[PDB]
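Participant: What follows is a single structure, and I will ask about it in a moment.
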Amino acid sequence: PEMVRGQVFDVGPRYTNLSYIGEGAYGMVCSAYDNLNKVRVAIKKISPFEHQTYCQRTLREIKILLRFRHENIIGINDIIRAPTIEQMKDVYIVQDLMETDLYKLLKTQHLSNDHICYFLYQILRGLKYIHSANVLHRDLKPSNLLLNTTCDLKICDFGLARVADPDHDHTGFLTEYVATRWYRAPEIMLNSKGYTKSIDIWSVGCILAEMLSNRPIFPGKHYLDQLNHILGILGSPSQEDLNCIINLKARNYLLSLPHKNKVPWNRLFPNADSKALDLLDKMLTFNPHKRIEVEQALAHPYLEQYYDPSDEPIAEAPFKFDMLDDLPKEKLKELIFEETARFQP
Ligand SMILES: N=[N+]=NC[C@H]1O[C@@H](n2c(SCCCC(=O)NN)nc3c(N)ncnc32)[C@H](O)[C@@H]1O
């Protein structure tokens with residue numbers, strides 16, 4: 001078995017000429033030559049079976065990606081694992097080889113307005129399909145947006161996804177932990193479990209602002225700091241928006257703050273396209289009920305060069321209910337085994 005940087009990489013014989021790329025908490029990514037298709041691919045080794053939550057995230061990612069087929073969502077081309085549960089200690093997910101991601105790109109590269117428009121269109125095209133499946137990504141950020149050498153964008157990492165459930169979204173103050181901090185909508189800190197599609201639109205808004213300046217728009221230094229940065233730019237929420245927050249702890253916290261004025265987007269982004277800033281404002285709306293939805297965003301004038309609803313497909317059949325939670329890791333392993341059987345031998 002071929003080894004890479006310490007780990008076993010038991011992908012033979014189809015995948016050769018392995019090359020290290022990255023690493024995670026319980027995973028490792030390598031590029032590899034696929035002799036059958038004669039192209040270099042990405043292979044992600046996952047070792048989740050010692051932990052309840054790793055098994056959950058692995059199962060979610062595999063279940064969703066095997067049911068999705070969309071140009072702006074990374075596919076699963078192959079899955080490699082032992083022939084029996086007893087022998088399965090890792091799972092290898094084979095995917096299209098992508099040159100970079102948006103996080104690495106924004107660290108060094110300035111984006112032209114045409115590139116910003118093109119990336120944003122592809123993000124929203126993929127999001128439309130995801131939301132049309134009644135699924136919430138729930139961790140959209142630059143590092144989860146892959147790009148190849150011709151700037152084709154693909155959304156990845158559905159390990160934190162959920163089936164939408166707006167009827168059960170309301171919760172209490174400062175208790176929820178959804179998405180990555182800089183891309184986390186204000187209502188998560190206030191009164192939302194993150195079970196509504198507007199959670200994802202906020203993240204996309206944060207990404208767009210980051211594409212405009214190469215800096216995160218809301219760089220909170222810890223969980224509790226994030227709302228400071230959001231309100232420092234959006235200003236104090238209106239009385240109408242506060243009336244939509246029935247939770248008293250959340251509403252009274254906002255009421256205890258001094259008045260802050262909105263900072264105009266054109267002062268923060270003096271070089272930006274005015275149409276881009278109009279859309280940015282509609283995605284970074286404080287009130288999630290007033291926040292623009294994915295199909296409205298696709299139709300915004302900023303994207304009129306690409307907008308084509310007949311070329312923005314939706315899912316063949318949505319997820320009807322959330323899968324799971326209290327299942328032991330032994331059962332999750334069996335379900336991961338069962339979900340990956342179609343790629344055997
Ligand atoms: N985790 N990890 N490994 C870190 C490295 O994996 C790279 N990568 C990943 S992982 C995707 C999860 C999002 C993330 O975390 N970064 N984008 N899929 C890749 C792929 N299909 N092709 C090429 N490179 C990939 C990724 O670009 C990063 O450079």
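Chain labels run A, B, ... following the order of the structure tokens; each chain numbers its residues from 1, and ligands are numbered from 1 in the order shown.
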Could you give me, as JSON lines, every chain A residue with an atom at most 6 Å from ligand 1, plus its closest atom pair and distance in Å to one decimal, counting only C-alpha atoms and all ligand atoms, rows ordered by chain then number?
Facilitator:
{"residue": "A:21", "atom": "CA", "partner": "ligand 1", "partner_atom_place_in_ligand_line": "5 (C)", "distance": 5.8}
{"residue": "A:22", "atom": "CA", "partner": "ligand 1", "partner_atom_place_in_ligand_line": "3 (N)", "distance": 3.8}
{"residue": "A:23", "atom": "CA", "partner": "ligand 1", "partner_atom_place_in_ligand_line": "3 (N)", "distance": 4.5}
{"residue": "A:24", "atom": "CA", "partner": "ligand 1", "partner_atom_place_in_ligand_line": "1 (N)", "distance": 4.7}
{"residue": "A:29", "atom": "CA", "partner": "ligand 1", "partner_atom_place_in_ligand_line": "3 (N)", "distance": 5.2}
{"residue": "A:42", "atom": "CA", "partner": "ligand 1", "partner_atom_place_in_ligand_line": "21 (N)", "distance": 4.8}
{"residue": "A:95", "atom": "CA", "partner": "ligand 1", "partner_atom_place_in_ligand_line": "21 (N)", "distance": 5.3}
{"residue": "A:96", "atom": "CA", "partner": "ligand 1", "partner_atom_place_in_ligand_line": "21 (N)", "distance": 5.3}
{"residue": "A:97", "atom": "CA", "partner": "ligand 1", "partner_atom_place_in_ligand_line": "22 (N)", "distance": 4.0}
{"residue": "A:98", "atom": "CA", "partner": "ligand 1", "partner_atom_place_in_ligand_line": "22 (N)", "distance": 3.8}
{"residue": "A:99", "atom": "CA", "partner": "ligand 1", "partner_atom_place_in_ligand_line": "23 (C)", "distance": 5.7}
{"residue": "A:100", "atom": "CA", "partner": "ligand 1", "partner_atom_place_in_ligand_line": "27 (O)", "distance": 5.3}
{"residue": "A:101", "atom": "CA", "partner": "ligand 1", "partner_atom_place_in_ligand_line": "17 (N)", "distance": 5.0}
{"residue": "A:143", "atom": "CA", "partner": "ligand 1", "partner_atom_place_in_ligand_line": "17 (N)", "distance": 4.4}
{"residue": "A:144", "atom": "CA", "partner": "ligand 1", "partner_atom_place_in_ligand_line": "13 (C)", "distance": 4.3}
{"residue": "A:146", "atom": "CA", "partner": "ligand 1", "partner_atom_place_in_ligand_line": "17 (N)", "distance": 6.0}
{"residue": "A:157", "atom": "CA", "partner": "ligand 1", "partner_atom_place_in_ligand_line": "12 (C)", "distance": 5.8}
Participant: Might you pull out every residue within 10 Å of residue A:224, with only C-alpha atoms counted and same-chain residues fewer than 2 positions away left off, and present them as a count of residues only?
Facilitator: 9
Participant: Which is closest to residue A:135 among A:164, A:155, A:246, A:62, if we use only C-alpha atoms?
Facilitator: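 Using only C-alpha atoms, residue A:135 sits closest to A:164.
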Participant: For the structure I just gave you, how does DSSP split stretch 145-308 of chain A - specifically, which residues are alpha helix (DSSP H)? Reply as a PyMOL selection string.
Facilitator: chain A and resi 186-190+198-213+226-234+239-243+248-255+265-268+274-283+294-298
Participant: Listing only residues of stretch 190-252 of chain A within 6 Å of stretch 259-266 of chain A, what is the closest atom pair and its distance in Å (to one decimal) for each, using only C-alpha atoms, sorted by chain and residue number ascending, as a tab-separated table?
Facilitator:
residue	atom	partner	partner_atom	distance
A:233	CA	A:263	CA	5.1
A:234	CA	A:262	CA	4.7
A:235	CA	A:262	CA	4.0
A:236	CA	A:260	CA	5.1
Participant: Those residues with N, CA and C atoms, as a PDB file, in the first residue's frame please?
Facilitator:
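And here is the file that came out, result.pdb:
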ATOM      1  N   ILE A 233     -21.555  47.800  11.107  1.00  0.00           N
ATOM      2  CA  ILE A 233     -21.668  48.173   9.707  1.00  0.00           C
ATOM      3  C   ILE A 233     -23.121  48.379   9.294  1.00  0.00           C
ATOM      4  N   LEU A 234     -24.016  47.471   9.685  1.00  0.00           N
ATOM      5  CA  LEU A 234     -25.420  47.607   9.318  1.00  0.00           C
ATOM      6  C   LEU A 234     -26.133  48.704  10.095  1.00  0.00           C
ATOM      7  N   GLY A 235     -25.611  49.091  11.255  1.00  0.00           N
ATOM      8  CA  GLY A 235     -26.300  50.035  12.108  1.00  0.00           C
ATOM      9  C   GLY A 235     -27.355  49.349  12.951  1.00  0.00           C
ATOM     10  N   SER A 236     -28.030  50.155  13.762  1.00  0.00           N
ATOM     11  CA  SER A 236     -29.050  49.624  14.646  1.00  0.00           C
ATOM     12  C   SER A 236     -30.228  49.102  13.830  1.00  0.00           C
TER      13      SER A 236
END
